[PDB]
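> Quick one, what's the 3D model for this:
(12 chains, ligands or ions: 2)
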Amino acid sequence: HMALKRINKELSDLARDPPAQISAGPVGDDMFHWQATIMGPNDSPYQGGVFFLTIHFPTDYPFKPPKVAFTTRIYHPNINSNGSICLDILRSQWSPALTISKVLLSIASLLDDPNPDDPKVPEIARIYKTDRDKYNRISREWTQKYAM
Amino acid sequence: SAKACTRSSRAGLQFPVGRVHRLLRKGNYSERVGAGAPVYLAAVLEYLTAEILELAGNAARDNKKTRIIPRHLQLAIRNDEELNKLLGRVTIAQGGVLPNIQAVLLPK
Amino acid sequence: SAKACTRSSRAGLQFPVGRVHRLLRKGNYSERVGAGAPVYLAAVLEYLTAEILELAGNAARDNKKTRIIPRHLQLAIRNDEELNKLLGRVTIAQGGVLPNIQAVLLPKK
Amino acid sequence: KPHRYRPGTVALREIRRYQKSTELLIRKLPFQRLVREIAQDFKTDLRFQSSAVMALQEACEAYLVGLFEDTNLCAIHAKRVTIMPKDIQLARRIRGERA
Amino acid sequence: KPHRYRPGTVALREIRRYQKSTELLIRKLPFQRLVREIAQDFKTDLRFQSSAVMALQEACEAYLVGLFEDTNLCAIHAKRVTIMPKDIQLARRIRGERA
Amino acid sequence: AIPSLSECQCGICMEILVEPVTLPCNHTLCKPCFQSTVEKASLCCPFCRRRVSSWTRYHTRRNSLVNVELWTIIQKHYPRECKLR
Amino acid sequence: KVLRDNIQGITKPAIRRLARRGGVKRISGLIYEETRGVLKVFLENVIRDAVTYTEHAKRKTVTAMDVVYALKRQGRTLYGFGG
Amino acid sequence: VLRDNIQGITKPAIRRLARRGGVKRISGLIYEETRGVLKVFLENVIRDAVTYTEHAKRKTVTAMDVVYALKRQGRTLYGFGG
Amino acid sequence: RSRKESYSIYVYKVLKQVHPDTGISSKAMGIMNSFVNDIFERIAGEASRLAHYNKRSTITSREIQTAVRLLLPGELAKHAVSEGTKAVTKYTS
Amino acid sequence: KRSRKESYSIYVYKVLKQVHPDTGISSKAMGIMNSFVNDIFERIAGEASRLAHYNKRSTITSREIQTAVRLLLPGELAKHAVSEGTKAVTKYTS
DNA sequence: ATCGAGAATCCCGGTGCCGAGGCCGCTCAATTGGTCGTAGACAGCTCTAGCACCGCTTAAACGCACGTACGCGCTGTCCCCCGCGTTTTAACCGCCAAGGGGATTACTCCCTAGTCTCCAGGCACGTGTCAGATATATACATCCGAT
DNA sequence: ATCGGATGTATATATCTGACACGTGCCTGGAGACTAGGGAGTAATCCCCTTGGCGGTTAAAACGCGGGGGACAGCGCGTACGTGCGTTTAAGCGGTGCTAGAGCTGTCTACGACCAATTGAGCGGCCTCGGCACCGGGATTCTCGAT
Ligand SMILES: [Zn+2]
Ligand SMILES: [Zn+2]
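Residues are numbered from 1 along each chain as shown, chains lettered A, B, ... in the order given. Ligands and ions are numbered 1, 2, ... in the order given. Pasting the structure now:
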């Protein structure tokens, strides 16, 4: 339907000018399921860390937001253990004009800095707002153990 | 929707769903209360509140102010076809009345 | 009282106290219901019924009839002062209207 | 030679005749057809109980009579005896029906 | 020689001024005294919260202002511009307050 | 001045505008996309993100939603794509 | 099997009889169309709520009780048909 | 004790109320009629307010009693609670 | 079949207590039933509102008395209150 | 201290910041909004309770509140309110 | 048709003050997890009454004609609201002072709900008869034209 | 002021028919006895906020006068509504036939209430700064008498 054409144009646009250090593509025979790879931003404790994400497109696109989930384990107040993501783009302020490139850029910006005001995990959020060295250290070992 | 977040965010609303559920359970309305009624009621209340507030803010911007006083609420309500019908028997304190002079009384 | 006979007879009423108690309990009005509320409510209902039936019977007897019909109920309600205010917004089916004509319309002398 | 009644002395008699009766004044089949026609927009192929039409008729006739009383009072206020559409409009406005 | 406004052109100015404001048009102390005097019949040694009097004042003013619109409409319907007590009586009867 | 085909592309379905509606923010999009957005999205402009509930409610009762002036232009100038879809 | 122009069945004599019961001695010639319009508005207002009530109950027949409920909801209590 | 306080609703106040109501010309017998109808309205509202107060075993007439009395008569008021 | 309850027999008993020689039709009986149901609903609802306003969970006789005083007009309210108080006092002993 | 008193102020302010991200609100206006929300809640809940009692039920479901909204609101407010509530319930379920 | 003078209202710039909005601590109510009793969703059968059609009366509706009374416009009179000026009265504001009663907390006790058992009161069904509606023939109130 | 038609309403008598009042079977809902616990009554304390008084200043009310515009009454016209008669129309009544759908019964499965642990959302108390109120001066615009 319209969703198939929209996703095809989305893939074409992503191919024309791929963004910085992120790469998404269809998993296989169908365009509905996607997989993406993200690099840790330079101004972050996730240096050289590869992260994998899975994207599921609801059949009623673009009027319903896609659902993205982390595949690897990351230390961040906005990501739960199983890969759940807390972001306003995916659930709250989604409009049909948005693109997968836009949500990926939003995820990258989330990796740039966290949002402790409304966190998914409050304990690591308060420890992050208490001290900096502990979070940076533990994120370093998390990205050295799981990301790399 | 996936669980493990507050109830009022799964529905995408701003008005509380737990408070509305409790007010419906203890309000002496019915013996049992369904699981989807609070969501629907909160959505309706939020829609009506946004509907009133948008017109009130428009009137406030018309009057060169950056604040909403009861006069702006009265202006927003009375100048709308359906909102006036909904709040017809309701008096708003410090709201005044709309300007309207009958054409017979004007000078000729 | 003697705590022996029926509650309606114990309180000296004709309207049921047990039925009113059940209706108050199952009507979704409050969590609990006192033991004297049905008696009070039944007494009030019986008083109002007796008042309207008395006035309607008077209206029927003034019309050389031995049965109350909705017209007599309408006449009794409209003619009275308090019962017309209590039933201001109520429509009685097959009740008609109270006869009056504005004095302007009557023929000139 | 033939008998003729003065204008207004037969209409002052129908008032007494129709204020002493309780019968319905609108014919039943046309009103039932009007009710069935009106209820076609909201839901198609409905069925009406024999009492639903009667309830609607007895409510609507009473409403019309109550409106006509206020219309007559409005006409009398303007120092007339006949009732114009503007009397109905003023009565409806003051009652709050149209505002 | 002194400048004088013709009758009716200052009443319109007051109409435009008072329909633009939102204040209370009755003095507060006389209204509070009237409220207390009226309430002294039902129960003695009553005390009134400072906002109960304000609520009563707002309700009374919003009632009188709404009554005067119907009174003016009755007066205009009677082909006049001066409102008279019979206009108030007709408006109250049609509304349902007098009957 | 007349718009071209490239500048007459809907921002949602990426097709030719049909029965277009122009929101008060001077943002235009075709009627089916507008109805789907109002039914399932947040009831705002998908681009501007401003409340248009009152405007839609007031203009639905009079069937004045469509932009006839540009609708006729699109229906006349470019029959091929509009007739095809 | 649709119906049309059945508001003309509320004839002039019927409106005159309703006015006579109301207490009207003289009637103008334009009263009848106004009365028909008011009649239509009132009937639509009542029947909309009656049909809503009967649709919530998963029925295809409108009962006397639905009409009574709609009238009571609109502020005109009716006696004699139940409730 | 207080008596004859209905005359504190002066002629200028009634004129201001009429002007806000949209009245251009006022006769001379309006003021007494307005005083009477306002007195009736005040009695009707205050009676229910005092009944609500007396049920709660209180001696102070709160704003909640006034709001409930007004709402009981189809005259809902916004701004003082509720 | 299903049985439908009504206040018909009690209304007839009151009628024979007031006017021993007058009967009643069927439509008048239906109107009486509707009137009794309406007054029951009014008084019970107002009593519930009074109980809720004061943070109570019980509907006692004083709340019914206050509801009666608020609903009925002057003389009707006075006589209804007197009759209800008499009935409760006679019932309690 | 003074006992806690719940109100709808926070959510009204949130909605206000959603619709007009540069406009404040007074305190009297906030009280009026709170009263309006309470009144509409009571109206819809009472209508739904009566509607459920009519059909001999024991539960207030989304259907009852939907029909109450259809009854109470005017012609065009009801459609949009029903659409918003249906969208909210659909989003909440899945 | 207009020119111009006196009065009222809106615009603009500067000053100040208080309440609107953001922040911090915390207490309790909303969320999660698990269990269980029952409400209502669905399938199946019955039999009620809602719908459609047909023919016969005759009651109400409709169209037309005449005439007349009432709605509406015009003119005249007078008197009562309105606009303005000066004087008198008390409302509004800021301040201080006392205590009445509203609001919260703790303890207790007794009133009401839930459960089981039992039986009679009120509901459905059937029947007989008399109150009231209908038909018919007088008696009188009422209306309208004419001196 | 009536006088006498002419019409319509009210009154009295026969009659017969269907709805009202009463009687019978029974089955479901109300009464009776018992136990448990939480809601409400009562006493005590705290402190908020309601009532009362005093002095000043000044905005609003009261009183009075001149007059002009609006309310009210009287005349005249002509047209629109009422009353009556004859013709066409479709309501009202009875009777028959069919079936859609309301109404009731039996199973059972998923939904909602209860309960215990927990912790974050939302409330109360504080504090600061900008939006709005106010003042002083000027520009603009209705208004009215004179042409
Ligand atoms: Zn599109
Ligand atoms: Zn836009």
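
> what's in contact with the host helix or strand of residue D:30?
Assigned by DSSP states H and E, residue D:30 belongs to helix D:28-38. The contact list for helix D:28-38 (Cβ atoms under 8 Å, 6 or more residues apart in numbering or on different chains) reads D:46, D:48, D:53, D:56-57, D:60, G:2-4, G:6-7, G:9-11, G:40, G:43-44, G:47. All C-beta atoms are positioned from the backbone trio N, CA, C, and that covers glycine.

> From those, list the buried ones, please.
Among the contacts of helix D:28-38, those buried by neighbour count (16 or more other Cβ atoms under 10 Å in any protein chain shown) are D:46, D:48, D:53, D:56, D:57, D:60, G:6, G:7, G:9, G:10, G:43, G:47.

> Return the closest of these with respect to residue C:87.
Residue C:87 lies nearest to residue D:60 out of the buried ones among the contacts of helix D:28-38, by Cβ to Cβ, at 19.6 Å.

> give the contact list for residue A:77.
Contacts for residue A:77 (Cβ under 8 Å, 6+ apart) come out as A:114, A:115, A:116, A:119, A:120, A:121, A:122, A:124, A:125, A:128.

> 6 Å instead, please
Contact partners of residue A:77, counting by Cβ atoms under 6 Å, 6 or more residues apart in numbering or on different chains, are A:114, A:119, A:121, A:124, A:125.

> May I have the beta-bridge partners of the closest residue to chain B within chain F?
Closest to chain B within chain F is residue F:51: 5.2 Å, counting by Cβ to the nearest Cβ. Counting by DSSP bridges, residue F:51 is bridged to residue F:44.

> Next up, the contacts around it.
B:54, F:44, J:19.

> ok, it to residue F:10 distance?
Relative to residue F:10, residue F:51 is positioned 21 Å away (Cβ to Cβ, to the nearest Å).

> same deal with residue F:63?
The gap separating residue F:63 from residue F:10 is 21 Å, by Cβ to Cβ.

> again, but for residue B:13
With distances taken as Cβ to Cβ, residue B:13 is found 30 Å from residue F:10.

> Show me which of the two is the more surrounded one.
Legend: neighbour count by other Cβ atoms under 10 Å in any protein chain shown for residue B:13 and residue F:10, higher for residue B:13 (25 against 17).

> my guess is the more buried one meets residue B:42, correct?
Yes - using Cβ atoms under 6 Å, residue B:13 makes contact with residue B:42 at a distance of 5.2 Å.

> how far does stretch A:61-68 sit from the chain's center?
14 Å (Cα atoms, centre = their mean, to the nearest Å).

> can you count the residues close to residue A:4?
Applying other Cβ under 10 Å, we find 14 residues neighbouring residue A:4.

> element containing the residue nearest to residue I:87 when sequence neighbours are not counted?
Nearest residue to residue I:87 in three dimensions, chain neighbours excluded: residue C:43, at 3.7 Å (Cβ to Cβ, 6 or more residues apart in numbering or on different chains). Residue C:43 is part of helix C:37-61, with elements assigned from DSSP H and E.

> Check which helices and strands that helix sits against.
Here helix C:37-61 touches helix C:17-26, helix C:70-79, helix I:8-18, helix I:61-71, helix I:74-91, going by 3 or more Cβ pairs under 6 Å, 6 or more residues apart in numbering or on different chains; DSSP states H and E.

> Which of these sits closest to residue E:75?
Taking Cβ to Cβ, helix C:70-79 is the member of the helices and strands packed on helix C:37-61 nearest to residue E:75, at 30.9 Å.

> just how off-centre is whichever helix or strand comes after the closest one within its chain?
Using DSSP H and E, the next helix or strand after helix C:70-79 towards the C-terminus is helix C:82-86. Distance of helix C:82-86 from the chain centroid (Cα atoms, centre = their mean) equals 11 Å.

> Tell me which other helices or strands helix C:82-86 touches.
Using 3+ Cβ pairs under 6 Å, 6+ apart, helix C:82-86 sits against no helix or strand.

> Spatially nearest residue to the residue nearest the centre of chain I, not counting backbone neighbours?
Centroid-nearest residue in chain I, with Cα atoms, centre = their mean: residue I:40, separated by 5.5 Å. Excluding the flanking residues, the one nearest residue I:40 by Cβ to Cβ, 6+ apart is residue C:45, at 6.5 Å.

> Identify the residues contacting stretch D:57-73?
By Cβ under 6 Å, 6+ apart, the residues outside stretch D:57-73 that reach it are C:91, C:93, D:31, D:83, D:87-88, D:91, E:94, G:18-19, G:21-24, G:42, G:71, G:78.

> That one: how far from the chain's middle?
5 Å.

> Say whether chain B is contacted by stretch G:70-79.
No - Stretch G:70-79 stays clear of chain B (Cβ under 6 Å from any Cβ of the partner chain), getting no nearer than 10.9 Å.

> how long is that stretch from one end to the other?
Using Cα to Cα, to the nearest Å, the end-to-end distance of stretch G:70-79 comes to 13 Å.

> Then stretch A:85-96?
End-to-end span of stretch A:85-96 (Cα to Cα): 20 Å.

> in it, what's buried?
Per 16+ other Cβ under 10 Å, stretch A:85-96 contains these buried residues: A:85, A:86, A:87, A:89, A:90, A:91, A:94, A:95, A:96.

> for the residues you listed, which one is nearest chain E?
Distance to chain E, by Cβ to the nearest Cβ, is smallest for residue A:95 among these, at 39.3 Å.

> where do the strands sit along chain G?
Using DSSP state E, the strands of chain G run over residues G:26-27, G:61-62, G:77-79.

> Which one, of those, ends up nearest to residue E:3?
Ranking those by proximity to residue E:3 (Cβ to Cβ) places strand G:26-27 first, at 51.9 Å.

> just how off-centre is that closest one within its chain?
23 Å.

> partners of that strand, with directions?
Take DSSP bridges as the rule and strand G:26-27 pairs in its sheet with strand D:82-83 (parallel).

> Would you mind pulling the contact partners of the strand it pairs with?
So strand D:82-83 is contacted by D:71, D:75, G:24, G:26, G:28 (Cβ under 6 Å, 6+ apart).
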